[PDB]
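K.L.:
Protein chains in written order, with the working numbering: chain A, 3 to 185; chain L, 98 to 220.
Ideal placement from N, C-alpha and C gives every residue a C-beta, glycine not left out.
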Amino acid sequence: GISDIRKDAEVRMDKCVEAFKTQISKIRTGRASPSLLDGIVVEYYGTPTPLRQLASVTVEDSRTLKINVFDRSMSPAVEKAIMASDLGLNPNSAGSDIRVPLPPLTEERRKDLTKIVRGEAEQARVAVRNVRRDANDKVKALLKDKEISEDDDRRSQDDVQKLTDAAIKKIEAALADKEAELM
Amino acid sequence: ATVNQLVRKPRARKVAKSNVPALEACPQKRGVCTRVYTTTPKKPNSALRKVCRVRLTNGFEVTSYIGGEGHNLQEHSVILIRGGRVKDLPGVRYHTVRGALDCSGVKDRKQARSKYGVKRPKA
RNA sequence: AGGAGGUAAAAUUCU
RNA sequence: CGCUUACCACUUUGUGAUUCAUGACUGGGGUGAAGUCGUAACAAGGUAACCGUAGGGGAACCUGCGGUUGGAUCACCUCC
RNA sequence: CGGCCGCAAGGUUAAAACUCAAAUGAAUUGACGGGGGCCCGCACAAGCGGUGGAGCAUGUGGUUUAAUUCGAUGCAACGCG
Ligand SMILES: [Mg+2]
Ligand SMILES: [Mg+2]
Ligand SMILES: [Mg+2]
Ligand SMILES: [Mg+2]
Ligand SMILES: [Mg+2]
Ligand SMILES: [Mg+2]
Ligand SMILES: [Mg+2]
Ligand SMILES: [Mg+2]
Numbered sequence: 003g004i005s006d007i008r009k010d011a012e013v014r015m016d017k018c019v020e021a022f023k024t025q026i027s028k029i030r031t032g033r034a035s036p037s038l039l040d041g042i043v044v045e046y047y048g049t050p051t052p053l054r055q056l057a058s059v060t061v062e063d064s065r066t067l068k069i070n071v072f073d074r075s076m077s078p079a080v081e082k083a084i085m086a087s088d089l090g091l092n093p094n095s096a097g098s099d100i101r102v103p104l105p106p107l108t109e110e111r112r113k114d115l116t117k118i119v120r121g122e123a124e125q126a127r128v129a130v131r132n133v134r135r136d137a138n139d140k141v142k143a144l145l146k147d148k149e150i151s152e153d154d155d156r157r158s159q160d161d162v163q164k165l166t167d168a169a170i171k172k173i174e175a176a177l178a179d180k181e182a183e184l185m
Numbered sequence: 098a099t100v101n102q103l104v105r106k107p108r109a110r111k112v113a114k115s116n117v118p119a120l121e122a123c124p125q126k127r128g129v130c131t132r133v134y135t136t137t138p139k140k141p142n143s144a145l146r147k148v149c150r151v152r153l154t155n156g157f158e159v160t161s162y163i164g165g166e167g168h169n170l171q172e173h174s175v176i177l178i179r180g181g182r183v184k185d186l187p188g189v190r191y192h193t194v195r196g197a198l199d200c201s202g203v204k205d206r207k208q209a210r211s212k213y214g215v216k217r218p219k220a
């Protein structure tokens with residue numbers, strides 16, 4: 003029934019945005035941001051375990067992170083992960099703490115990145131929209147099997163529009179947030 | 098075969114292609130680090146090798162080995178690089194000259210220092 | 001002895 | 001001297017040729033990984049293979065036609 | 001790619017980067033064949049009695065467990081050390 007489908011859409015769509023927002027935080031920024039340094043995987047006694055769980059991540063400044071590895075033995079294995087996450091990152095060890103300089107920001111890059119970002123945004127709007135599409139599909143179909151007044155039908159498809167525009171504007175807030183960084 | 102033949106078409110020597118456009122066979126050219134990968138070798142070998150893309154003085158965008166154990170190089174580092182492929186990593190036809198411009202000599206080395214850019218330790 | 005005729009249905013893979 | 005004619009450098013307009021670069025995107029390709037589908041080739045590789053050509057088919061490939069050997073097989077029955 | 005030829009299908013001419021430390025030929029010893037020949041063994045046939053079903057003894061995978069000690073795993077491990 004309509005009222006059921008609006009739920010399922012709000013949701014699917016929020017999923018869409020949130021998943022955007024995430025891919026975003028995994029991108030070499032202008033600044034620091036432990037968000038990316040998290041995802042990284044470390045070899046932790048055979049069982050892989052995200053670096054997040056073996057060591058603390060500080061912002062030692064704008065353009066340099068400081069990874070306090072709780073367990074000192076793994077220190078060498080942790081570092082290797084930063085270079086093995088292939089993220090253009092060079093982890094300089096120096097006394098119980100792994101310094102990960104954040105690069106300066108070149109021209110080649112800013113481009114490089116924004117184009118990547120803008121296109122991840124558009125892949126995103128595309129997901130949102132696909133949900134527009136099943137949504138209307140469901141309803142559209144509850145028209146025959148006259149289970150809905152032609153009125154009902156217009157109306158709802160409109161909520162779906164409302165939902166879609168909303169999910170999107172979110173997506174574009176996000177994109178803009180980041181675009182600020184890169185520029 | 099026939100002299101005759103040869104007079105029409107003299108014998109022509111294959112023209113060698115160099116195995117390294119360090120442009121005008123320069124004994125080594127200057128670069129800046131586009132990025133600093135580390136990849137894995139080929140079929141028989143296994144290790145995380147340390148390398149880096151370089152945007153040369155002559156604007157070629159080839160890639161380069163960073164030899165040795167541990168290097169303090171990154172985005173933007175200006176290096177110098179010499180001819181020397183690394184038959185294991187594909188598309189790595191050059192080495193980074195340790196101890197050159199921004200490149201570092203290798204910490205703690207003792208044997209074979211001149212390669213790897215390390216100063217005779219104050220004995 | 002030479003000649004003839006006749007006589008297997010299909011059934012993949014393994015760093 | 002000035003003037004004026006010839007030749008004539010630069011510069012301009014039109015339309016082509018050529019060549020260097022570079023371009024969203026993209027067929028095909030090599031490499032790597034040793035993943036997915038079957039099992040095409042190597043033994044007669046289980047319908048011998050392959051060359052040319054033509055059609056078809058997710059894929060190796062299948063089928064037609066001619067060619068080539070760069071082809072394995074000659075034992076038992078029945079009769080003669 | 002260019003040229004030239006063809007109505008077309010296409011042909012002819014004919015590269016380069018990139019990539020590999022091979023590719024290839026013939027002969028050799030084996031192994032192997034849904035190759036051939038000759039020939040063996042309770043291999044088949046021909047027979048007699050069984051297992052596979054049942055209850056139980058016993059071993060093993062498994063499962064469980066505080067522990068179910070370790071080992072043995074196609075034939076040639078499983079009433080095996
Ligand atoms: Mg087989
Ligand atoms: Mg298979
Ligand atoms: Mg392609
Ligand atoms: Mg076959
Ligand atoms: Mg066949
Ligand atoms: Mg034929
Ligand atoms: Mg018998
Ligand atoms: Mg029984």
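Counting only Cβ-Cβ distances shorter than 8 Å, please list the residues of the stretch 114–147 of chain L near chain A, keeping chain order.
P.N.:
Those would be 131, 132, 133, 134, 135, 136, 145 and 147, in chain order.
K.L.:
Contact criterion: CB-CB distance below 8 Å. Does residue 170 of chain L meet it with respect to chain A?
P.N.:
One-based indexing of the second sequence puts residue 170 of chain L at position 73. Chain A, which has a Cβ nearer than 8 Å to the Cβ of residue 170 of chain L, makes this yes.
K.L.:
Could you tell me if residue 22 of chain A is buried or exposed, where buried requires 16 or more neighbouring beta carbons within 10 angstroms of its beta carbon?
P.N.:
Within the first sequence, residue 22 of chain A is the residue found at index 20, counting from 1. When all chains shown are included, residue 22 of chain A counts as buried.
K.L.:
Answer with buried or exposed for residue 190 of chain L, where buried requires no fewer than 16 other C-beta atoms within 10 angstroms of its C-beta.
P.N.:
Looking up residue 190 of chain L in the second sequence gives position 93. It counts as buried.
K.L.:
Leaving out the 5 sequence neighbours to the left and right, which residues in its chain are closer than 8 Å to residue 142 of chain L when beta-carbon positions are compared?
P.N.:
In the second sequence, the residue the question calls residue 142 of chain L occupies position 45. Excluding positions up to five away in sequence, the list reads 185.
K.L.:
Please state if the CB of residue 148 of chain L and the CB of residue 128 of chain L are separated by a distance shorter than 8 Å.
P.N.:
Counting from 1 along the second sequence, the entry for residue 128 of chain L is found at position 31. Counting from 1 along the second sequence, the entry for residue 148 of chain L is found at position 51. Contact: no.
K.L.:
Can you tell me whether residue 47 of chain A is buried or exposed? The criterion is at least 16 other CB atoms within 10 Å of its CB, across all chains shown.
P.N.:
As a position in the first sequence, residue 47 of chain A is number 45, starting the count at 1. Per the 10 Å Cβ criterion, exposed.
K.L.:
Across the stretch 66–84 of chain A and the stretch 33–40 of chain A, are there enough close Cβ pairs to call them in contact, namely three or more that are closer than 8 Å?
P.N.:
With a cut-off of 8 Å, the stretch 33–40 of chain A and the stretch 66–84 of chain A count as touching, because enough Cβ pairs lie within range.
K.L.:
Just to check my reading of the structure: residue 234 of chain L and residue 192 of chain L have Cβ atoms closer than 8 Å, yes? What is that Cβ distance to the nearest angstrom?
P.N.:
Since the first and last residues shown for chain L are 98 and 220, residue 234 of chain L lies out of range.
K.L.:
Which residue from A:73, A:79 and A:121 puts its Cα closest to that of residue 177 of chain A?
P.N.:
Translated into the one-based positions of the first sequence, residue 177 of chain A becomes position 175. It is A:121.
K.L.:
Which residues of the stretch 157–184 of chain L have a Cβ closer than 7 Å to any Cβ of chain A? Give them in chain order.
P.N.:
For the stretch 157–184 of chain L, which is checked against every Cβ of chain A, the residues closer than 7 Å are 169, 170, 171, 172 and 173.
K.L.:
Based on Cα-Cα distance, which residue from A:32, A:128 and A:60 lies nearest to residue 106 of chain A?
P.N.:
In the first sequence, residue 106 of chain A corresponds to position 104, counting from 1. Nearest of A:32, A:128 and A:60 to residue 106 of chain A, Cα basis: A:32.
K.L.:
Determine the direct distance from the alpha carbon of residue 4 of chain A to that of residue 154 of chain A, and round the result to whole angstroms.
P.N.:
Position 152 of the first sequence, counting from 1, holds the residue named residue 154 of chain A. Position 2 of the first sequence, counting from 1, holds the residue named residue 4 of chain A. Near 9 Å, if we compare the C-alpha coordinates of residue 4 of chain A and residue 154 of chain A.
K.L.:
Quick one, are the C-beta atoms of residue 197 of chain L and residue 170 of chain L less than 8 Å apart?
P.N.:
Working through the second sequence from its first residue, we reach residue 197 of chain L at position 100. Working through the second sequence from its first residue, we reach residue 170 of chain L at position 73. Contact flag unset, no.
K.L.:
Distance, Cα to Cα, residue 59 of chain A vs residue 34 of chain A?
P.N.:
Within the first sequence, the letter at position 57 stands for residue 59 of chain A. Within the first sequence, the letter at position 32 stands for residue 34 of chain A. Approximately 10 Å, taken between the alpha carbons.
K.L.:
Taking C-alpha atoms, which residue in L:182, L:206 and L:187 lies nearest to residue 140 of chain L?
P.N.:
By 1-based counting over the second sequence, the position of residue 140 of chain L is 43. Here the closest residue by C-alpha is L:187.
K.L.:
Using DSSP with H/G/I as helix, E/B as strand and the rest coil, what is residue 7 of chain A?
P.N.:
Looking up residue 7 of chain A in the first sequence gives position 5. Three-state DSSP puts residue 7 of chain A in a helix.
K.L.:
Under the three-state reduction of DSSP, which class applies to residue 53 of chain A: helix, strand or coil?
P.N.:
The sequence position of residue 53 of chain A within the first sequence is 51, counting from 1. Of the three classes helix, strand and coil, the one that applies to residue 53 of chain A here is helix, per DSSP.
K.L.:
Using the Cα positions of residue 120 of chain L and residue 155 of chain L, report the straight-line distance between them to the nearest angstrom.
P.N.:
Counting from 1 along the second sequence, the entry for residue 120 of chain L is found at position 23. Counting from 1 along the second sequence, the entry for residue 155 of chain L is found at position 58. The alpha-carbon atoms of residue 120 of chain L and residue 155 of chain L are separated by roughly 7 Å.
K.L.:
Does the distance from the CB of residue 118 of chain A to the CB of residue 71 of chain A come in under 8 Å?
P.N.:
Residue 118 of chain A sits at position 116 when you count from the first residue of the first sequence. Residue 71 of chain A sits at position 69 when you count from the first residue of the first sequence. Result no, Cβ atoms of residue 118 of chain A and residue 71 of chain A do not sit closer than 8 Å.
K.L.:
Nearest to residue 93 of chain A by CA position, among L:133, L:114 and L:164, is which residue?
P.N.:
Here residue 93 of chain A refers to the residue found at position 91 when the first sequence is read from its first residue. Nearest of L:133, L:114 and L:164 to residue 93 of chain A, Cα basis: L:133.
K.L.:
Find the residues of chain L that neighbour residue 41 of chain A, judging by a C-beta separation of less than 8 Å, and give them in chain order.
P.N.:
One-based indexing of the first sequence puts residue 41 of chain A at position 39. None at all; the shortest Cβ gap to chain L is about 18 Å.
K.L.:
Near residue 11 of chain A, which residues of its chain fall below 7 Å by C-beta distance, leaving aside the five closest residues on each side in sequence?
P.N.:
As a position in the first sequence, residue 11 of chain A is number 9, starting the count at 1. Only 133, 137, 162 and 165 meet the Cβ criterion.
K.L.:
What is the DSSP secondary structure of residue 152 of chain L, counted as helix, strand or coil?
P.N.:
For the purposes of this step, residue 152 of chain L is taken as residue 55 along the second sequence, with counting starting at 1. Note: residue 152 of chain L maps to strand in three-state DSSP.
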